[PDB]
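The structure under discussion appears below in the form of structure tokens.
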Amino acid sequence: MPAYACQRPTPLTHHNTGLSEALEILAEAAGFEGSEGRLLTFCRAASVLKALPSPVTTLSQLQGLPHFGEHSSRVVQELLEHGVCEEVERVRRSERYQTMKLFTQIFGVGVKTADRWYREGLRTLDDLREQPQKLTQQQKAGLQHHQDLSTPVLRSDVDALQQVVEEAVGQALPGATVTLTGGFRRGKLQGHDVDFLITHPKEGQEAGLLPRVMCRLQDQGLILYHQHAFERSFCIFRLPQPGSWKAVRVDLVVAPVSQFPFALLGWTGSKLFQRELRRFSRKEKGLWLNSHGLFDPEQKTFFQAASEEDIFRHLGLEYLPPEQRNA
DNA sequence: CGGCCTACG
DNA sequence: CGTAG
DNA sequence: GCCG
Ligand SMILES: [Cl-]
Ligand SMILES: [Mn+2]
Ligand SMILES: [Mn+2]
Ligand SMILES: [Mn+2]
Ligand SMILES: [Mn+2]
Ligand code: NA
Ligand code: NA
């Protein structure tokens, strides 16, 4: 079992679902208390279990597995013995956890905002609605649309949304392309948002594209919310439904064709996979990776990539298709 | 022990 | 501060 | 919380 998640296939579905879910509760809880290191370890340990070829049935099967020490091993031990880990259940039940989860799930609210609101004694969505003078425009949108945004986005929704984005992109800039990214590209059947990456085969033609796309979607009556030389737009779309509609989070991202493979890689995820890939790149290969490129700080050069395959090769990693990047 | 991804709005 | 994967 |  390699130590970095980018060095091993991680399928969407696996053989240790219960165990990984328990560790991810602890990861999430650590994030709520500002401990990113503990979040990372619990996330990595969970991801290791996702990568195993069969279920863990005994404690001995953890021996030698990366990211399993005293704490994560105890969590697994208690689940194997009793079907439940008391620490995990204590977190699930805490007012702190439930409220921080509720608040941080609001679009426009991060851990810091949620925590300050928690400390001020606020607990419910109606508590926030009663004092809306404090809220940002983004948080107001997040709160108004919260119910719809909690409903899973389905594959049918994605196909509908892709068509309308293509229509607007085609008018904004003939020849421009739209690629589905994020969780749906990794094979997920549901999600909480749809991610698209837009480019054009002629380098430079994509300049100024996103405002033109946004203005056109706005005029078609499809934009319930957006933030406005920008390249990422976090929107709430109005998606047609039987006799009605629902609000759906959509991210639209633009990259020049030179950067497309890096942007595609970054935006396809998973979040943990990409953090691990960037960590690997820097620590093991001395190369700096982001969604724009891959930089050699010795030679002071950028690696030209024509594909995701190119990027894995330049990092000395076996290629993983998107459906094996579910770390 | 230090490090933990790296960006844009 | 928020957002993204 | 774990690793390297
Ligand atoms: Cl016991
Ligand atoms: Mn997504
Ligand atoms: Mn998104
Ligand atoms: Mn996300
Ligand atoms: Mn994400
Ligand atoms: Na949030
Ligand atoms: Na850019």
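Note that the numbers count up from 1, one per residue, in the order the chain is shown.
Structure determined by X-ray crystallography, 1.8 Å.
Even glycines carry a Cβ here, placed using N, Cα and C.
Per Swiss-Prot, the feature Mg(2+) binding site maps to A:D193, A:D195, A:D251; the stated evidence is similarity to another entry. The annotation region 'Involved in ssDNA binding' is assigned in Swiss-Prot to A:186-195. The annotation site 'Responsible for the low discrimination between dNTP and rNTP' is assigned in Swiss-Prot to A:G266.
Of all the binding-site residues listed (A:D193, A:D195, A:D251), A:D195 sits in the most crowded Cβ setting, with the most other Cβ atoms within 10 Å. A:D195 (Mg(2+) binding site) sits 12 Å from A:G266 (site 'Responsible for the low discrimination between dNTP and rNTP'), counting Cα to Cα.
Under the DSSP three-state reduction, A:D193 (Mg(2+) binding site) is assigned to coil, being neither helix nor strand. The C-beta environment of A:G266 (site 'Responsible for the low discrimination between dNTP and rNTP'), restricted to residues of the same chain at least 6 apart in sequence and closer than 8 Å, consists of A:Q274, A:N290, A:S291.
Note on the region 'Involved in ssDNA binding' (A:186-195): residues 12, 149-150, 152-155, 157-158, 161-162, 180, 248-251, 253, 267-270, 322-323, 325-326 of its chain, located 6 or more positions outside it, place their CB under 8 angstroms from a CB of the stretch. Those same-chain residues not listed among A:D193, A:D195, A:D251 yet with C-beta within 8 angstroms of the centroid of the Mg(2+) site C-beta atoms are A:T181, A:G182, A:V194, A:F196, A:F234, A:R249, A:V250. Across the break of 18 residues that separates A:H228 from A:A229, the C-alpha atoms are 11 angstrom from each other. In the three-state DSSP assignment, the secondary structure recorded for A:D251 (Mg(2+) binding site) is strand. The secondary structure of A:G266 (site 'Responsible for the low discrimination between dNTP and rNTP'), as reduced to three states from DSSP, is helical.
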